[PDB]
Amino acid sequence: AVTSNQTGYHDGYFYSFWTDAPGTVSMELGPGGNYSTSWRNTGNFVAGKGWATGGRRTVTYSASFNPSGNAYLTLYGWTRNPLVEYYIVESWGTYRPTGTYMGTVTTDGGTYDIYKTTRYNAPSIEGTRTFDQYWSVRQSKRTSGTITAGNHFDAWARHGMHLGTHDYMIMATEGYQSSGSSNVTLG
């Protein structure tokens, strides 16, 4: 298992694992595009497989994701210059993420609400930093499908949410002060 912060490649896929609560979450790297997680009374973590360089790809996944508390099943990544953390949220637990509402985008058989938020003095790919988060949050839950990431990126940019140079992009599980499991397979 992965149980400490790291990135790398496994079976052809980039992966990232991060937590502020070492010991509360584990990630197993499965075959091909597969991984799984298990957490118990965690702080915050984000883990997943995907790509070292994000962009306008189509991301096809399916997942076991039936959380009891606060957690997200979400496309997730970063840009630099500007430094931005971004989310395309497919499902969630007790809490549906929200923020400053910008409008909607209709893609991949759903409609998503566009939100913007900001994290202050927070962990990032660039260390402790302040940075915006951009969100698309599906209006109803789903745990399999295709995400046309470009359709989100363009819609955000059309709403003045500017992305910089892409860093990593993963189909992520995120947990927060919760317990649970996920098993996610990138097609």
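In this text, residue numbers run from 1 along the sequence as written.
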(request) On mean C-alpha B-factor from the PDB entry, just flag whether 164-172 or 19-27 is the higher one. (result) 19-27
(request) Taking the mean of the C-alpha B-factors per stretch from the entry, tell me the winner out of 63-71 and 145-153. (result) 63-71
(request) Place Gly33 in the lowest, middle or highest third of its chain's C-alpha B-factors, as listed in the PDB entry. (result) middle
(request) State the tercile, meaning the lowest, middle or highest third, of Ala47 with respect to the CA B-factors recorded for its chain. (result) lowest
(request) Grab the CA temperature factor for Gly103 from the record and place it in the lowest, middle or highest third of its chain. (result) middle
(request) Taking the chain's C-alpha temperature factors as the reference, tell me which third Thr185 falls into: lowest, middle or highest. (result) middle
(request) State the tercile, meaning the lowest, middle or highest third, of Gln133 with respect to the CA B-factors recorded for its chain. (result) lowest
